[PDB]
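Read off the chains here:
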Amino acid sequence: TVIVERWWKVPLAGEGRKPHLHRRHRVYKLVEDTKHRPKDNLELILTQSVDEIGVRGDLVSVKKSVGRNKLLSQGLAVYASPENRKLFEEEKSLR
Amino acid sequence: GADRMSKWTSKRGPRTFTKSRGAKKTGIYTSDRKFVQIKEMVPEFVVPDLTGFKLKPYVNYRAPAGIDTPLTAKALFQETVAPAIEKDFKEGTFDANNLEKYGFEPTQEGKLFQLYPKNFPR
Amino acid sequence: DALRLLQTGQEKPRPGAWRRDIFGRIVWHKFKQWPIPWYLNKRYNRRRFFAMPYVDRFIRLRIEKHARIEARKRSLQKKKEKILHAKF
Amino acid sequence: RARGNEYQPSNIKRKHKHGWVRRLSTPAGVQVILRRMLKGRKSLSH
Amino acid sequence: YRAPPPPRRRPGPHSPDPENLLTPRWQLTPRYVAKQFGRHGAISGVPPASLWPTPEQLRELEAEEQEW
Amino acid sequence: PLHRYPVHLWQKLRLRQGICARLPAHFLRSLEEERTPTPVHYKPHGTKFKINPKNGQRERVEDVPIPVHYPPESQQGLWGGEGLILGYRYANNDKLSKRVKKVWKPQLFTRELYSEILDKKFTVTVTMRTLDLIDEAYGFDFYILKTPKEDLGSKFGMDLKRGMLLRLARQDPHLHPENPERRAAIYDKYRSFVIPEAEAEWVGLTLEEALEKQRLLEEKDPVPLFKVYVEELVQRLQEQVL
RNA sequence: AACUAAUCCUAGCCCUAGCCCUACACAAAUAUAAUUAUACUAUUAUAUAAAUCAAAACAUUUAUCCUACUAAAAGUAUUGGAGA
Ligand SMILES: [Mg+2]
Ligand SMILES: [Mg+2]
């Protein structure tokens, strides 16, 4: 997402009121474009055996592209939500 | 230089412009460019026999006019329908289902003269 | 009229409805007789019973114009009474 | 040549260029009618 | 003639109607309610306990004091 | 002359009279309340006070959101609160240069999304921000149900919400028929969002859609005055007999 | 010694106060070349207001226009080819 910032100051409006804007308050400068940020990883718990990643019940940190396109869409994995973690850990312990 | 205010009629304009003066259609045009009149579409005047009729256009000045009382739905119901229901109710032979016995019509379909939507002229 | 009320309860012989025209006004529309249902009639479908947003400005201008006429009328009546009371 | 005669009347042209159906065909033409109604014109269109 | 009665300010607490759309907003604030008690004492009917800060408000006051 | 009411209060006045008044109470509340959407295209101030560097004094600060344009195509997809930014820039990034028109456009993708409660796959135009919000909500169905209208920002999204809410409210067996065990698991997982069916019917409806719905409810053919008078006569006569 | 002329008072209007509205006007006709009793052939506003003008020219900029309670804090803090 593109994030912008005013060049010109906007005077304070008050507590319940809204500022009145002028045509000079429509000039912006770009502070950041989020698409260029370093990428993160996605946490998932495997539900079925898969090559080179794991077998079952093991949390895996994967690239967002792979996790959203292959594992979750095909049903091989589930979100590492607190509830999903709790169910899988109990099954592992009993096993 | 044209006149914007006068009415647009078929006497005006070129040959190919034509329109009606409000007379109702009495037939159909087919292909082959032939007009075919329909008999049922031509209005028929129902004229009564006036022999031996006592009423004339004017009335005598000595005839007393009456207090005006426009007819209402309540008045019609009491004069026509109320007496029959009252007698039957006393006898006990009355039910809501058989209102048609007293002249009620559930729907106007099938009638030649439908009261809504009206399907006949004056 | 009385007989129609008893049998159908309708106050008018001809069907109609309240609709908004393309100029932003509310008008009574009288129906016509047709051999086919409305959704198959291409000449009828070209007729529009709605107003687009550019009409909102004119709706306000009509309301204000009507307001000026009423104010002048009431003002004139009050002034005329002053003359009558003075005379009599 | 002598000028002053540019109006060569034709009813078909007149009704197509400035008529009722022509004015309603576009939103700009519909606003033409609204202005003349607010002014009170006796003649909305040709 | 006889002159009409002198103009007088209306006495007593004033409670504006909340539902009415044309009542001024400033008259509907808790500050305005507090003023009624200050001017007219107990006859206002304002629950006296309300004048002090509520526990949620108190935490905000203390938090700001430490900061500055 | 002057109007009796200020212009900005005209909308509220309309909802207070006519067939609009007959609408159910809480749906009128939804229209009335307006909540500001979560920031997307600007950074909010962390604090309420800041130290002005030049004079070294404490000053109040406020958050003023950027105006964003939402093309009507956005209502057919699920954009993650994004929109078009129409503005100006200074050439060469110095205030003394020319002022130039600028438009910043979101990057749009086509994706396929699956809903468990509805058991259907949709094809939708979407932004990368929307996908991340789905992950943080731990599923596509959670995203729709949790997010409020202003953040959701799509007419399609509000229609999806009505379907899910009505499906859960009625416990409709149409979900995975012949597998009652599987259906029970799905409905239980989303048990927190259940609301009464009556409320669910009017969720996401526009004012025009609401009015048409209300008109259909109360439309009725008139009653013949013949029956009405008969009831009065029988009622009177029966009491007289008593 | 009079011709052309001249004298006149009320039709209405203007600015405020008050108040939302519920006026949406027999029959018939009209979106077709409107005001033509019936099928042909479908129907649908708008991406940021600009410039003049002030700066004794002009290129960043220029109150209102582009509305959010009165009185004060105050033409103060702040912004500005730090200048209008
Ligand atoms: Mg000429
Ligand atoms: Mg100059």
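Everything below is about the structure printed above this text.
**Focus on the interface of chain C and chain D**
With nine residues of chain C in contact, the opposing surface of chain D contributes ten residues. Contact between chain C and chain D buries roughly 970 Å² in total, counting both sides, with carbon and sulfur atoms accounting for 78%. Sorting the residues of chain C by area buried against chain D places C:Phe23, C:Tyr54 and C:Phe58 first, and these three jointly supply 59% of that buried surface. Our count for the chain C to chain D interface comes out at zero salt bridges. Between the two partners, chain C and chain D, sit two residue pairs in polar contact.

**Notes on the pattern of salt bridges**
Considering all chains together, one arrives at 24 salt bridges over all chains under this definition. Close ionic contact of F:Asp159 with F:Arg162 constitutes a salt bridge, the shortest N to O distance being 3.2 Å. Here F:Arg162 and F:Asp159 lie together in helix α6 (residues 155-170), a separation of three residues that amounts to about one turn. One network of salt bridges, with partners in common, ties together A:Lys64, A:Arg68, F:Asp132 and F:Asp135.

**What about the environment of B:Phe77?**
With respect to the helices and strands, B:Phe77 occurs in helix α1 (residues 73-80). Taking relative accessible area as the criterion, B:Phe77 reaches 5% and is therefore assigned buried. As a C-alpha pair, B:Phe77 and B:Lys24 span 53 residues in sequence and 38 Å in three-dimensional space. B:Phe77 has contacts with B:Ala82, C:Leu6, F:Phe226, F:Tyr229 and F:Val230, leaving out every residue within four places of it along the chain.

**Concerning the packing of aromatic side chains**
Each aromatic ring pair is summarised here by two numbers: the centre-to-centre distance and the angle between the ring planes. Counted under the stated rule, the structure contains 19 aromatic pairs over all chains. The structure contains a cluster of three or more aromatic residues connected by ring pairs, namely B:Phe77, B:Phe104, F:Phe226 and F:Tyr229. Over the ring of B:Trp8 we find D:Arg14, and its NZ or CZ is 5.4 Å from the ring centre. Here the guanidinium or amino end of F:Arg58 rests over the ring plane of F:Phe49, the centre of that ring lying 4.3 Å away.

**What about the interface of chain F and chain A?**
Taken together, the contact pairs 31 residues of chain F with 26 residues of chain A. Here chain F and chain A share four salt bridges between them. Along the contact surface separating chain F from chain A lie 13 residue pairs in polar contact. Its residues placed into classes, the side of chain F that touches chain A shows 16 nonpolar, five polar and ten charged.

**Comments concerning the arrangement of the chains**
With seven pairs of chains in contact overall, the greatest share of contacts is found between chains A and F. Between chain A and chain E there is no contact; the minimum C-alpha to C-alpha separation amounts to 11 Å. Taking C-alpha atoms only, the smallest gap left between chain D and chain E, which are not in contact, amounts to 32 Å.

**Digging into the protein's contact with RNA strand G**
In the vicinity of RNA strand G lie 72 residues, with C:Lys30, C:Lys42, C:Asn45, C:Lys80 and F:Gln17 positioned nearest. For RNA strand G, the fraction of protein-proximal atoms (within 4 Å) that sit in sugar or phosphate groups is 55%. For the surface near RNA strand G, the elements supplying multiple residues, two or more each, are β2 (26-30), α2 (42-45) and α3 (56-87) of chain C, α1 (11-18) and α2 (20-23) of chain D together with β3 (85-90) and β4 (99-104) of chain F. Looking at the surface near RNA strand G, the element that brings in the most residues is α3(C), giving six residues. Classifying every residue of the surface near RNA strand G gives 28 nonpolar, 17 polar and 27 charged.

**A short note on a positive patch on the surface**
Together, B:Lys25, C:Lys12, C:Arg14, C:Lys30, C:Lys32 and C:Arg43 make up a region of like positive charge exposed at the surface. Take C:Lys30: it is sitting in strand β2. Note on C:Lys30: relative accessible area 52%, which makes it exposed.

**Some words on the side chain of F:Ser74**
All names here are of chain F. Along the polypeptide, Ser74 turns up in the loop between β2 (57-60) and β3. In this structure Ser74 comes out as buried when scored by relative accessible area, which is 3%. Among the polar contacts made by the side chain of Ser74, one reaches the main-chain carbonyl oxygen of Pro71 at a distance of 2.8 Å. With residues near it in sequence (within four places) discarded, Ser74 still touches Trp79 and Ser154.

**Quick word on the environment of C:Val27**
Looking at the element boundaries, C:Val27 is found in strand β2. Apart from the residues within four sequence positions on either side, C:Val27 is in contact with C:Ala17, C:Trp18, C:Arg19 and C:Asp21.

**Side note on the sheet that holds strand β5 (residues 77-79) of chain A**
All names here are of chain A. Pairing in this open sheet of three strands is antiparallel, and the strands run β4-β3-β5 from one edge to the other. Each edge of the sheet is formed by a strand with only one pairing partner; in this case those strands are β4 (59-63) and β5. Sheet twist, expressed as the average angle between the axes of neighbouring strands with direction ignored, equals 50 degrees. Sheet topology note: the strand β3 (residues 41-46)/β4 ladder contains five bridges and is antiparallel. If you follow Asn41 over to β4, its bridge partner there is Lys63. Lying on the sheet, helix α2 (residues 82-94) is in contact with β3, β4 and β5; it crosses β3 at an angle near 40 degrees.

**Here's the deal with the environment of F:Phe193**
Residue and element names in this part refer to chain F. Position of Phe193 relative to the elements: it lies in the loop between α7 (180-189) and α8 (197-200). Judged by relative accessible area, which is 18%, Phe193 ranks as buried. Separated by 24 residues in the primary sequence, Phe193 and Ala169 have C-alpha atoms spaced 9.1 Å apart. The contacts of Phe193, once residues within four sequence positions are left out, are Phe142, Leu145, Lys146 and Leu165.

**Examining a nonpolar patch on the surface**
Residue and element names in this part refer to chain C. A grouping of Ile36, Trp38, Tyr39 and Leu40 is seen on the molecular surface, where their side chains present a nonpolar patch of about 500 Å² in accessible area. Mapped onto the secondary structure, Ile36 falls in the loop between β2 and α2. On the basis of relative accessible area, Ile36 is assigned to the partly exposed category, the value being 42%.

About the cut-offs
Residues numbered from 1 in each chain as written, not as in the entry; some residues may be left out. Chains lettered and ligands numbered in written order. Part of a larger assembly, values for the part shown. Heavy atoms only, no water. Contact = heavy atoms within 4.5 Å. Buried area = accessible area lost by both parts, 1.4 Å probe. Salt bridge = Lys/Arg side-chain N within 4 Å of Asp/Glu carboxyl O. Polar contact = N/O pair within 3.5 Å; in protein donor to acceptor, adjacent residues only side chain to side chain. Helix = DSSP H or I, 4+ residues; strand = E, 2+ residues; numbered from the N terminus. Buried < 20%, exposed > 50% of the residue type's maximum accessible area, 1.4 Å probe, protein only. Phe/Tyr/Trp six-rings, centres within 6.5 Å; stacked < 30°, edge-to-face > 60°. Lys NZ or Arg CZ within 6 Å of the ring centre and 35° of its normal. Nonpolar A, V, L, I, M, F, W, Y, C, P; charged D, E, K, R; others polar. Near = heavy atom within 4 Å. Patch = residues over 30% accessible without salt bridge, like charges linked within 9 Å, V, L, I, M, F, W, Y side chains within 5 Å. Areas by Shrake-Rupley, 256 points an atom, 1.4 Å probe, with all protein chains shown as cover. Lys, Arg positive; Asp, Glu negative; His and termini not counted. Charge placed at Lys NZ, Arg CZ, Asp CG, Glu CD. Pairing = 2+ DSSP bridges. Axes fitted to C-alpha atoms, helices over the stretch in contact; angles between N-to-C directions.

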